[PDB]
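Each remark here refers to the structure printed beneath this line.
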Amino acid sequence: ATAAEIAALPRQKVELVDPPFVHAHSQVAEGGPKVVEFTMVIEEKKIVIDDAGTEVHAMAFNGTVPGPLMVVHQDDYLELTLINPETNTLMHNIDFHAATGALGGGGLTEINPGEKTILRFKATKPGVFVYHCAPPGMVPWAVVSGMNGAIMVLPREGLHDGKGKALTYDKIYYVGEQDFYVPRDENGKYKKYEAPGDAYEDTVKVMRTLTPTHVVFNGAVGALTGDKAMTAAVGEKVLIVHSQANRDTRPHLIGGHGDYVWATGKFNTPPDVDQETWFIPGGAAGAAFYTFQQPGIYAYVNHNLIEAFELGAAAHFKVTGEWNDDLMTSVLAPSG
Amino acid sequence: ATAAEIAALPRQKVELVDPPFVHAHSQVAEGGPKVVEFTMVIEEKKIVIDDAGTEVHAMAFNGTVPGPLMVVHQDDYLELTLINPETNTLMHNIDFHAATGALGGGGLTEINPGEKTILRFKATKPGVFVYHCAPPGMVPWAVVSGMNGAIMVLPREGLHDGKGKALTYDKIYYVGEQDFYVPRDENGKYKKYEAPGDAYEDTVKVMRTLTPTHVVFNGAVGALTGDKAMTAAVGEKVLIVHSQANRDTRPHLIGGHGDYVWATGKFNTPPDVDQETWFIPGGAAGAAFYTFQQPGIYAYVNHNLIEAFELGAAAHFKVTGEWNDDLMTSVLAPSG
Amino acid sequence: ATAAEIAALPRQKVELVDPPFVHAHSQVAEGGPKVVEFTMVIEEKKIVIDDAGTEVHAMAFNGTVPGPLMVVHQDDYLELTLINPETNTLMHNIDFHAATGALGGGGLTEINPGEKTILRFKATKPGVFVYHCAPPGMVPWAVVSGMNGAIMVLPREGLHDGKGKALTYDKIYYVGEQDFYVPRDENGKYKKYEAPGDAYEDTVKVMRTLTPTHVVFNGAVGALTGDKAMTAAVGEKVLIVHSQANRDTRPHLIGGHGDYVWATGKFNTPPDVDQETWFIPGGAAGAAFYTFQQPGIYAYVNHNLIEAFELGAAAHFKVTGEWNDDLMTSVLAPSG
Ligand SMILES: [Cu+2]
Ligand SMILES: [Cu+2]
Ligand SMILES: [Cu+2]
Ligand SMILES: [Cu+2]
Ligand SMILES: [Cu+2]
Ligand SMILES: [Cu+2]
């Protein structure tokens with residue numbers, strides 16, 4: 001691909017939307033290779049992550065935890081303008097697991113407060129991939145402070161099953177999973193700090209126990225439940241992209257399955273099928289395709305149930321439609 | 001299928017056997033779709049999990065930990081009669097990962113002590129699946145108190161390898177692995193309680209450490225050893241179903257291998273081959289097929305060896321037959 | 001084959017080399033089946049695992065942690081002469097996950113100090129496999145004290161991808177990952193012991209937390225960095241064999257990918273492709289094949305980033321060559 005050919009490719013700016021929702025995109029590529037442009041402003045800010053007012057000084061791409069899902073197609077280029085406002089206190093950068101070279105982009109995007117940078121990379125491999133901050137010397141701290149997200153590089157011709165049959169989803173959601181390590185005082189109460197740096201020592205100590213105090217979806221316990229449950233209808237095909245930048249997770253749709261699951265998150269690797277519970281290793285993203293068949297409220301969780309129900313890794317799906325008694329029926333209701 | 005068509009299907013009452021054994025069944029479907037009937041009584045009882053007399057208040061389906069393995073074929077209907085004796089003190093239900101709708105059946109099977117219920121679901125996906133109690137707000141507690149098992153939904157035409165060659169086993173064993181979280185007093189001694197509800201607060205604190213005090217097969221340290229070691233003979237084909245409803249595991253047959261391993265536990269996903277150690281995520285069941293080629297004692301373990309030899313995750317296999325010197329021989333026995 | 005036929009086979013004595021290097025071998029087997037001979041002397045020795053000077057009484061095959069990588073081809077016989085010098089104090093043996101029978105050879109190789117033994121086994125299955133000490137009663141202690149390594153059984157026709165295309169690497173490295181559990185005093189300082197036995201009780205207590213104090217490559221924090229960093233060049237094809245005999249790991253090449261990854265380590269199981277982060281469960285070895293495309297420094301880590309950067313699981317690659325601006329380019333360097 002000559003130098004002229006690359007400079008001639010069309011440039012297209014895209015407006016990002018906050019997770020679990022995903023920005024406008026087409027499953028099958030529209031036109032030839034493009035340079036897809038995105039801009040994200042980094043925000044350091046205190047967020048409350050549970051019903052007890054527990055705080056964390058989050059480091060958030062685009063102001064959200066997880067950062068937004070960026071979608072492009074194989075062989076498109078992703079051109080990110082990353083802005084670090086002077087109001088922030090730390091140097092930040094970004095590592096796209098989808099990219100090749102300079103530590104995923106980290107070595108070329110180190111920006112101090114008051115600086116911005118523009119990185120471009122060719123998305124040569126199809127699949128969902130994690131992206132995260134990675135300042136040399138404090139990589140895990142930045143990541144476990146919520147500075148991570150994922151992108152999806154769709155095959156130019158959309159998704160397909162193991163047999164080559166097309167798999168077109170009606171809706172897509174991005175569930176970013178986050179392990180937080182919040183310090184506690186001797187009485188067991190979560191501590192609060194004035195500035196991000198103040199919590200550093202105490203936090204690394206908790207991190208070393210390899211035991212998170214919270215494991216959440218969309219940045220807080222219950223963020224994807226109640227009135228914020230994701231939605232679908234019977235017959236609707238849904239793609240659920242799930243990521244975990246630092247620690248293993250095992251997604252499970254309670255009352256459902258993963259009809260096709262690219263557990264490694266890479267589309268050239270044939271998807272597993274009829275999954276009850278899939279596995280995504282820390283530092284990766286995966287994707288599950290399911291066609292809902294029963295209406296009702298479903299729970300979507302990390303299937304180490306303590307992490308799901310004691311630590312916060314549980315989301316909900318509200319599904320409309322008609323019940324199918326062939327698939328399931330209460331022959332005899334609960335009775336003495 | 002219409003309600004009328006289902007009602008016209010033949011019914012077959014199966015009698016369950018305690019793990020690791022599996023009730024009589026046929027690998028290849030004997031005739032068209034039928035309604036396979038099972039009955040299980042919930043028993044809240046005390047179990048001793050180690051040689052130090054450590055106790056756990058178990059919540060056991062059919063009186064055992066794990067609950068028994070139920071076997072049907074794809075597209076059969078599994079009709080479960082679940083009974084919660086008045087002697088029990090808690091509400092219980094059942095979520096079948098193999099089922100579709102109402103949280104796996106959990107939403108339609110909540111039964112208080114003194115009640116019973118009958119659930120019927122269609123086994124549309126082939127493979128081994130976990131089933132476990134899941135009372136709202138009490139989910140992980142019940143599961144880690146031993147209330148879980150698995151079922152196997154065989155393909156109508158039995159098992160096959162990745163190329164369609166049939167795989168027929170001579171024996172089948174079901175190993176249910178359980179992570180227990182037993183509270184300790186200020187002297188490191190495990191605590192005992194006179195009531196299930198009495199140990200709740202103490203147990204949740206331990207559960208939050210995400211560090212089990214015990215990891216066992218069939219409910220206790222050494223359960224599947226000695227009088228309970230599994231058996232086989234050189235030349236015999238054996239399928240080992242293994243589940244873990246709450247935490248990851250990595251099975252390994254010491255001295256052998258997993259010739260064919262459906263690691264995700266789903267039969268429409270080709271099995272991995274020539275496996276040394278496979279992986280099953282918390283919340284799932286998997287299955288390995290192996291043809292013994294050497295006689296002698298074998299150990300079967302969760303290969304985090306601390307979990308296997310310090311925490312209790314180890315079982316034994318006694319194999320009869322002639323030793324094969326081509327495969328292995330001691331050229332020079334241990335000597336000066 | 002009969003004893004006579006085995007005795008007639010040619011024999012080749014191989015000289016082992018220290019990890020991450022691998023002894024000379026041919027990817028495509030040259031000639032028919034051979035009895036490949038190896039010799040390893042077990043050394044119980046004190047090793048320093050971090051910059052602070054933390055000590056561990058290692059139990060090391062060939063004097064290194066991990067033990068060296070032995071390479072044979074499918075259906076060759078691996079004949080190991082194992083020596084336990086009289087200067088040692090413990091009985092040792094070896095379990096080859098690649099072998100069939102007697103606990104992987106463990107039951108035939110128990111040698112006391114001052115003894116030796118010669119074990120021979122047929123390498124019937126292709127792939128990388130863990131080997132580790134396993135004296136009944138102290139199995140995990142030996143392994144987490146560093147007594148483990150791996151072997152590679154190459155297909156006689158060399159490596160191929162999932163579709164029959166040959167995969168020939170230019171160089172190979174073996175990364176053995178070790179989880180250590182070092183006791184600490186009341187000041188949180190690592191403790192030193194005069195003899196290995198002295199540390200047993202304290203170490204077992206740490207092991208039970210299932211939380212290693214160190215997670216390292218090639219025996220120590222930073223062991224594969226600086227002048228010991230691995231090397232490659234743009235266009236070079238590298239195979240990275242990775243093992244972990246006791247605990248899970250999720251390898252990731254920062255700045256690159258795993259073009260083909262036999263995550264399970266078994267060559268007859270098609271490899272995953274375009275991987276960002278793969279997963280190797282405790283008790284197994286895996287291998288990733290990658291063709292470098294960008295020059296510069298890369299980090300190779302266990303992608304639970306706390307384990308990589310706080311606990312020690314990080315290695316570096318120095319790659320020579322021309323930068324590819326098509327794959328990645330800084331449109332705008334960090335600036336105001
Ligand atoms: Cu940052
Ligand atoms: Cu990363
Ligand atoms: Cu229950
Ligand atoms: Cu479940
Ligand atoms: Cu040893
Ligand atoms: Cu082993």
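Lettering and numbering for the structure tokens are positional, with chains as A, B, ... in the shown order, residues counted from 1 in each chain, and ligands counted from 1 in the shown order.
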8 Å contact set for residue 44 (chain A), only C-alpha atoms, chain neighbours under 3 positions out, as a ChimeraX atom specification = /A:57-60,63,88-89
Next, the residues of the selection above should be written as a PDB file, in the first residue's frame with N, CA and C atoms.
ATOM      1  N   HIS A  57     -10.718   7.105  42.826  1.00  0.00           N
ATOM      2  CA  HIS A  57     -10.268   8.181  41.965  1.00  0.00           C
ATOM      3  C   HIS A  57     -10.087   7.477  40.632  1.00  0.00           C
ATOM      4  N   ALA A  58     -11.119   7.527  39.808  1.00  0.00           N
ATOM      5  CA  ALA A  58     -11.073   6.884  38.512  1.00  0.00           C
ATOM      6  C   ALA A  58     -10.224   7.674  37.514  1.00  0.00           C
ATOM      7  N   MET A  59      -9.682   6.952  36.547  1.00  0.00           N
ATOM      8  CA  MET A  59      -8.881   7.529  35.464  1.00  0.00           C
ATOM      9  C   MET A  59      -9.700   7.001  34.285  1.00  0.00           C
ATOM     10  N   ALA A  60     -10.512   7.877  33.706  1.00  0.00           N
ATOM     11  CA  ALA A  60     -11.444   7.450  32.682  1.00  0.00           C
ATOM     12  C   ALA A  60     -11.344   7.989  31.280  1.00  0.00           C
ATOM     13  N   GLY A  63     -14.286   9.911  30.022  1.00  0.00           N
ATOM     14  CA  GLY A  63     -15.088  10.129  31.214  1.00  0.00           C
ATOM     15  C   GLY A  63     -15.883   8.932  31.710  1.00  0.00           C
ATOM     16  N   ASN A  88      -5.929  17.620  34.901  1.00  0.00           N
ATOM     17  CA  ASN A  88      -5.545  16.311  35.423  1.00  0.00           C
ATOM     18  C   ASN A  88      -4.170  16.422  36.095  1.00  0.00           C
ATOM     19  N   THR A  89      -3.798  15.428  36.893  1.00  0.00           N
ATOM     20  CA  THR A  89      -2.522  15.484  37.592  1.00  0.00           C
ATOM     21  C   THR A  89      -1.478  14.495  37.080  1.00  0.00           C
TER      22      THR A  89
END
message = Residues of chain B were defined as contacting chain C if any atom lay at most 6 Å from it, counting only C-alpha atoms; please report them as a ChimeraX atom specification.
response = /B:254-256,272-273,276-277,294,303-306,327-336
Distance of CA of residue 69 (chain B) from CA of residue 237 (chain B), expressed in Å to one decimal place =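 For CA of residue 237 (chain B) relative to CA of residue 69 (chain B), the distance reads 19.1 Å.
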message = To one decimal place in Å, what is the distance between CA of residue 233 (chain B) and CA of residue 287 (chain B)?
response =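 Rounded to one decimal, the two atoms are 19.3 Å apart.
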Would you give me, as a compact mmCIF listing (two decimals) with N, CA and C atoms, in the first residue's frame, the residues in region 51-164 of chain C that DSSP reads as helix (DSSP H, G or I)?
# COMPACT_ATOMS: atom_id res chain seq x y z
N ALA C 102 2.50 -45.01 35.54
CA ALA C 102 3.16 -44.79 36.81
C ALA C 102 3.27 -43.32 37.26
N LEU C 103 2.13 -42.63 37.25
CA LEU C 103 2.08 -41.24 37.66
C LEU C 103 3.03 -40.37 36.83
N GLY C 104 3.09 -40.66 35.54
CA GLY C 104 3.94 -39.93 34.62
C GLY C 104 5.41 -40.29 34.72
N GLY C 105 5.69 -41.38 35.43
CA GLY C 105 7.07 -41.80 35.64
C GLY C 105 7.42 -41.56 37.09
N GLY C 106 6.56 -40.81 37.77
CA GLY C 106 6.80 -40.50 39.17
C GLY C 106 6.95 -41.73 40.04
N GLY C 107 6.17 -42.77 39.76
CA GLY C 107 6.26 -43.98 40.56
C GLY C 107 7.49 -44.84 40.33
N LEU C 108 8.26 -44.54 39.29
CA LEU C 108 9.44 -45.33 38.96
C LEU C 108 10.76 -44.60 39.13
N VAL C 139 4.19 -32.97 47.29
CA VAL C 139 4.09 -32.64 45.88
C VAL C 139 4.10 -31.15 45.58
N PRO C 140 3.14 -30.38 46.14
CA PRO C 140 3.20 -28.95 45.82
C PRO C 140 4.47 -28.23 46.28
N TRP C 141 5.00 -28.60 47.45
CA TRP C 141 6.20 -27.96 47.97
C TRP C 141 7.39 -28.02 47.02
N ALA C 142 7.58 -29.19 46.42
CA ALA C 142 8.67 -29.41 45.49
C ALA C 142 8.47 -28.53 44.25
N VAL C 143 7.26 -28.54 43.72
CA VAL C 143 6.96 -27.78 42.51
C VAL C 143 7.09 -26.26 42.68
request  = Write down as a PyMOL selection string the residues of region 93-170 of chain A whose backbone DSSP state falls under strand (DSSP E or B).
outcome  = chain A and resi 95-96+111+115-122+127-132+148-154+157+159-160+166-167
Generate a file of the selected residues that holds C-alpha atoms, formatted as an mmCIF file, in the first residue's frame.
data_model
loop_
_atom_site.group_PDB
_atom_site.id
_atom_site.type_symbol
_atom_site.label_atom_id
_atom_site.label_comp_id
_atom_site.auth_asym_id
_atom_site.auth_seq_id
_atom_site.Cartn_x
_atom_site.Cartn_y
_atom_site.Cartn_z
ATOM 1 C CA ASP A 95 -2.136 0.609 24.540
ATOM 2 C CA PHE A 96 -4.425 -0.913 21.879
ATOM 3 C CA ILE A 111 0.858 12.832 27.292
ATOM 4 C CA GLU A 115 -1.060 17.752 26.133
ATOM 5 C CA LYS A 116 -2.741 15.796 23.338
ATOM 6 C CA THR A 117 -1.554 13.288 20.752
ATOM 7 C CA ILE A 118 -2.876 11.617 17.593
ATOM 8 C CA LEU A 119 -2.121 7.925 17.009
ATOM 9 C CA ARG A 120 -3.009 5.952 13.871
ATOM 10 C CA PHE A 121 -2.768 2.195 13.426
ATOM 11 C CA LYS A 122 -4.022 -0.333 10.901
ATOM 12 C CA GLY A 127 -11.989 -9.343 16.771
ATOM 13 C CA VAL A 128 -12.760 -7.517 19.997
ATOM 14 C CA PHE A 129 -9.627 -6.249 21.786
ATOM 15 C CA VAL A 130 -8.813 -4.530 25.063
ATOM 16 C CA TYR A 131 -7.235 -1.056 25.178
ATOM 17 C CA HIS A 132 -5.850 0.454 28.371
ATOM 18 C CA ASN A 148 -9.411 0.582 30.050
ATOM 19 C CA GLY A 149 -11.981 -0.235 27.377
ATOM 20 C CA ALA A 150 -12.171 -2.239 24.164
ATOM 21 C CA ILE A 151 -12.595 -1.887 20.430
ATOM 22 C CA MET A 152 -14.236 -4.160 17.890
ATOM 23 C CA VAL A 153 -12.603 -4.794 14.524
ATOM 24 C CA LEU A 154 -15.319 -6.446 12.483
ATOM 25 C CA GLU A 157 -17.994 -8.946 5.508
ATOM 26 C CA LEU A 159 -19.609 -12.022 11.406
ATOM 27 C CA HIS A 160 -19.995 -15.684 10.409
ATOM 28 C CA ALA A 166 -23.699 -15.146 8.432
ATOM 29 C CA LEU A 167 -24.449 -14.007 11.972
#
request  = Report the distance between CA of residue 156 (chain B) and CA of residue 290 (chain B) in Å, rounded to one decimal place.
outcome  =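 Answer for the CA of residue 156 (chain B) to CA of residue 290 (chain B) separation: 21.5 Å.
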key: Close residues, residue 222 (chain A) itself excluded, 9 Å, only C-alpha atoms, min 6 positions apart in chain, as a PyMOL selection string   = chain A and resi 49-51+216+228+312-316
Selection export as a tab-separated table (two decimals), in the first residue's frame, atoms kept: C-alpha atoms:
chain	number	residue	atom	x	y	z
A	49	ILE	CA	-18.88	2.46	43.19
A	50	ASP	CA	-21.31	0.87	45.67
A	51	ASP	CA	-24.35	1.56	47.88
A	216	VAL	CA	-18.27	-4.47	38.75
A	228	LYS	CA	-30.52	0.38	33.72
A	312	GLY	CA	-20.91	-6.63	42.28
A	313	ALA	CA	-20.46	-8.46	38.96
A	314	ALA	CA	-24.11	-8.82	38.02
A	315	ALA	CA	-26.15	-7.11	35.29
A	316	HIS	CA	-29.72	-7.60	34.06
task = Just the residues within 8 Å of residue 322 (chain B), please, counting only C-alpha atoms, with nothing from its chain fewer than 2 positions along; format it as a PyMOL selection string.
result = chain B and resi 234+294-295+320+324
May I have the residues from that selection written out with N, CA and C atoms, as a PDB file, in the first residue's frame?
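Here's the written file again-v2.pdb:
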ATOM      1  N   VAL B 234      -6.959 -51.587  31.796  1.00  0.00           N
ATOM      2  CA  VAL B 234      -6.242 -51.276  30.574  1.00  0.00           C
ATOM      3  C   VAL B 234      -7.176 -51.600  29.418  1.00  0.00           C
ATOM      4  N   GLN B 294      -2.258 -48.223  30.789  1.00  0.00           N
ATOM      5  CA  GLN B 294      -1.331 -48.717  31.788  1.00  0.00           C
ATOM      6  C   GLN B 294      -2.074 -49.054  33.065  1.00  0.00           C
ATOM      7  N   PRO B 295      -1.679 -50.148  33.730  1.00  0.00           N
ATOM      8  CA  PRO B 295      -2.359 -50.510  34.975  1.00  0.00           C
ATOM      9  C   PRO B 295      -1.736 -49.729  36.124  1.00  0.00           C
ATOM     10  N   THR B 320      -6.576 -52.057  36.481  1.00  0.00           N
ATOM     11  CA  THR B 320      -6.043 -53.409  36.384  1.00  0.00           C
ATOM     12  C   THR B 320      -5.546 -53.632  34.967  1.00  0.00           C
ATOM     13  N   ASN B 324       2.660 -52.006  30.121  1.00  0.00           N
ATOM     14  CA  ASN B 324       3.171 -51.868  28.761  1.00  0.00           C
ATOM     15  C   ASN B 324       4.584 -51.289  28.788  1.00  0.00           C
TER      16      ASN B 324
END
